[PDB]
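>
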Amino acid sequence: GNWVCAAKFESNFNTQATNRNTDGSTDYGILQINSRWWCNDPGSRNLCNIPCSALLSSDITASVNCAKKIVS
Amino acid sequence: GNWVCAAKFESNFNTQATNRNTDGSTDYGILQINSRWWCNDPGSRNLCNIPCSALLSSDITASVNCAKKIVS
Amino acid sequence: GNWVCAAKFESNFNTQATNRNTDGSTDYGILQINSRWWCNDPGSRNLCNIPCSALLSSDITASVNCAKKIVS
Amino acid sequence: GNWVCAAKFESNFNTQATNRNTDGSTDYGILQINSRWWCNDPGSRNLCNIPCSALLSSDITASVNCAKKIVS
Amino acid sequence: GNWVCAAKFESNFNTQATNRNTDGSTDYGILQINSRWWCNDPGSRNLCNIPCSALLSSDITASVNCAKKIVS
Numbered sequence: 001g002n003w004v005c006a007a008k009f010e011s012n013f014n015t016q017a018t019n020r021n022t023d024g025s026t027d028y029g030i031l032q033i034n035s036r037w038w039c040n041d042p043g044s045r046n047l048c049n050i051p052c053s054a055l056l057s058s059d060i061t062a063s064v065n066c067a068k069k070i071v072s
Numbered sequence: 073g074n075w076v077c078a079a080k081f082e083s084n085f086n087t088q089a090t091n092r093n094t095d096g097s098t099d100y101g102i103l104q105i106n107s108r109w110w111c112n113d114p115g116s117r118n119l120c121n122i123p124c125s126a127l128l129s130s131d132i133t134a135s136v137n138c139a140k141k142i143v144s
Numbered sequence: 145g146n147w148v149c150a151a152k153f154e155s156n157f158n159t160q161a162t163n164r165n166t167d168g169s170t171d172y173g174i175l176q177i178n179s180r181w182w183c184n185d186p187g188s189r190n191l192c193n194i195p196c197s198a199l200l201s202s203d204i205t206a207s208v209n210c211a212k213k214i215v216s
Numbered sequence: 217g218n219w220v221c222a223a224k225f226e227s228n229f230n231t232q233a234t235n236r237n238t239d240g241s242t243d244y245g246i247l248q249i250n251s252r253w254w255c256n257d258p259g260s261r262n263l264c265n266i267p268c269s270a271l272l273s274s275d276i277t278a279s280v281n282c283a284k285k286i287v288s
Numbered sequence: 289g290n291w292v293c294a295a296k297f298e299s300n301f302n303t304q305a306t307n308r309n310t311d312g313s314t315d316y317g318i319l320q321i322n323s324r325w326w327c328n329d330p331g332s333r334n335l336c337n338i339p340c341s342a343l344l345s346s347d348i349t350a351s352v353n354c355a356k357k358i359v360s
């Protein structure tokens, strides 16, 4: 049978006087899939490493997203 | 059967007086797939490393996205 | 069966008086796929390394995207 | 079956009075695919390295995209 | 079956009074494909290195895209 995965749907109709704002949001930041269909059978593998190492150190980031914002 | 994966759909209809703003957002920042169909069977592999090493150091970033913004 | 993956769809109809702004956003920043079809079977591989090394150092970035903005 | 991958679709109809702005955005920043069809079987490989090394150093970037902007 | 990959489609119809602006954006910054069809089987390989090394040094970039802009 058919599959929908991780799909984002948006619809807007007759919308008026609308603001949308977005600072530093994330969707689906890390996504990993294995999928076999109809198969007659050592296995698929996914890895994902995000190491941060910081020593004597400041304000480091390891990330999918990073936003730094200053407003006066 | 059919598959939809990670698809982003947007529709706008009759929209008026609309602002959209976006600072430093992310979608689907890392996406990994393995897929086999109809297959008669050492396995496919995906790796993803984002190492940050920072030593005696400042304001480093390792990322899919990085935004730095200052407004006065 | 048919597949849709990571497709971005947008539709706008009768739209009026519209602003769209986008600073430092990202979509699908890293995307990795393996796919076998109808196959009678050492395995496909994808790698992706983004290392940052910083020592005694400042404001470094290793990234798919990097945006720096100053406004007065 | 047929496949759509990483395709970006946009349609605009009867649109009026529209601004679109975009600073430093990215789509599909790194994309890697392996694909085999109808095959009777050492494996295809993709690698991608973005190393940044910075020592005693400032404001370095290793990136797919880099935008620096100043406005007064 | 047929394939669409990384295709960018745009359509504009009856559009009026339109600005589109774009500073330092990127699409499909790095794209890597391997593909075999109908094949009876040492494997194709893609590499992509973007090293930046900076020592005692300033404002270096190694990138697919780099935009620097100043406005007064």
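Chains as they are written, first to last, in the working numbering: chain A, 1 to 72; chain B, 73 to 144; chain C, 145 to 216; chain D, 217 to 288; chain E, 289 to 360. Built from N, CA and C at the ideal position, the CB exists for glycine as well.
#1: Taking DSSP as the reference, what is the three-state secondary structure of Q232(D)?
#2: Starting from the Cα of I318(E), find the closest Cα among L344(E), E298(E) and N334(E) and give me that residue.
#3: By alpha-carbon positions, which one of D243(D), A223(D) and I266(D) ends up nearest to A206(C)?
#4: Please report the straight-line C-alpha distance between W326(E) and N250(D), rounded to a whole angstrom.
#5: Starting from the C-beta of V4(A), find all residues in its chain whose C-beta is less than 6 Å away, skip the five residues before and the five after it, and write them out in chain order.
#6: Near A6(A), which residues of its chain fall below 7 Å by C-beta distance, leaving aside the five closest residues on each side in sequence?
#7: From the DSSP secondary-structure annotation, give me the bridge partner or partners of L344(E).
#8: Excluding five sequence neighbours on each side, which residues of the same chain lie with their C-beta closer than 8 Å to the C-beta of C124(B)?
#9: Closest by CA to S169(C), which one among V71(A), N12(A) and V64(A)?
#10: Here's the rule: buried if 16 or more other CB atoms are within 10 angstroms of the residue's CB, otherwise exposed. What is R180(C)?
#11: What is the DSSP secondary structure of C77(B), counted as helix, strand or coil?
#12: In the DSSP assignment, find the unbroken beta strand (DSSP E) run with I246(D) in it and report its ends.
#13: What does the alpha-carbon distance come out to for the pair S57(A) and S130(B)?
#14: Taking 8 Å as the cut-off, decide whether the C-beta atoms of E154(C) and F229(D) are in contact.
#15: Per DSSP, which residues does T61(A) bridge with? Please list them.
#16: Which whole-angstrom value describes the C-beta separation of residue 313(D) and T159(C), a residue pair presumed to lie in contact below a C-beta threshold of 8 Å?
#17: Return the CA-CA distance between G73(B) and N146(C), expressed in angstroms with no decimal places.
#18: Can you give me the C-alpha to C-alpha distance between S44(A) and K284(D), rounded to a whole angstrom?
#19: How many Å lie between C138(B) and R308(E) at the Cα?
#20: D243(D) by DSSP, collapsed to three states: which one?
Quick answer:
#1: Here residue 232(D) refers to the residue found at position 16 when the fourth sequence is read from its first residue. Coil, per DSSP.
#2: In the fifth sequence, counting from the first residue as 1, residue 318(E) sits at position 30. Checking every option, the nearest Cα to that of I318(E) belongs to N334(E).
#3: Within the third sequence, numbered from 1, the residue matching residue 206(C) stands at position 62. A206(C) has its Cα closest to that of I266(D), out of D243(D), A223(D) and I266(D).
#4: As a working note, residue 326(E) is residue 38 in the fifth sequence. As a working note, residue 250(D) is residue 34 in the fourth sequence. Taking the straight line from one Cα to the other gives about 15 Å.
#5: Within the first sequence, numbered from 1, the residue matching residue 4(A) stands at position 4. Excluding positions up to five away in sequence, the list is empty.
#6: Walking along the first sequence from the start, residue 6(A) turns up at place 6. The answer, listed in chain order, is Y28 and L31.
#7: Counting from one through the fifth sequence, the residue named residue 344(E) turns up at place 56. Its beta-bridge partners do not exist; DSSP assigns none.
#8: The sequence position of residue 124(B) within the second sequence is 52, counting from 1. A distance below 8 Å between beta-carbons, with the five flanking residues on each side excluded, links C124(B) to the following residues of its chain, in chain order: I132, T133 and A134.
#9: Working through the third sequence from its first residue, we reach residue 169(C) at position 25. For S169(C), the nearest C-alpha among the options comes from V64(A).
#10: The residue labelled residue 180(C) in the question sits at position 36 within the third sequence. Under this definition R180(C) is a buried residue.
#11: Here residue 77(B) corresponds to residue number 5 of the second sequence, with the count starting at 1. Strand.
#12: Against the fourth sequence, residue 246(D) aligns to sequence position 30. In the DSSP annotation of this structure, the continuous segment of the beta strand (DSSP E) that includes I246(D) starts and ends at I246 to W253.
#13: In the first sequence, counting from the first residue as 1, residue 57(A) sits at position 57. In the second sequence, counting from the first residue as 1, residue 130(B) sits at position 58. Taking the straight line joining both Cα atoms gives about 6 Å.
#14: Your numbering for residue 154(C) matches position 10 in the third sequence. Your numbering for residue 229(D) matches position 13 in the fourth sequence. Going by C-beta atoms, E154(C) is not nearer than 8 Å to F229(D).
#15: Along the first sequence, read from residue 1 onward, the residue named residue 61(A) stands at position 61. DSSP, once it has assigned bridges, lists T133(B) as partnering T61(A).
#16: The displayed coordinates of chain D run from 217 to 288. Any statement about residue 313(D) would go beyond what the structure contains.
#17: In the second sequence, residue 73(B) corresponds to position 1, counting from 1. In the third sequence, residue 146(C) corresponds to position 2, counting from 1. Whole-angstrom Cα-Cα distance: 7 Å.
#18: By 1-based counting over the first sequence, the position of residue 44(A) is 44. By 1-based counting over the fourth sequence, the position of residue 284(D) is 68. About 41 Å.
#19: Indexing the second sequence from 1 puts residue 138(B) at position 66. Indexing the fifth sequence from 1 puts residue 308(E) at position 20. Rounded to the nearest angstrom, the two C-alpha atoms are 24 Å apart.
#20: For the purposes of this step, residue 243(D) is taken as the residue at position 27 of the fourth sequence. It is a strand residue.
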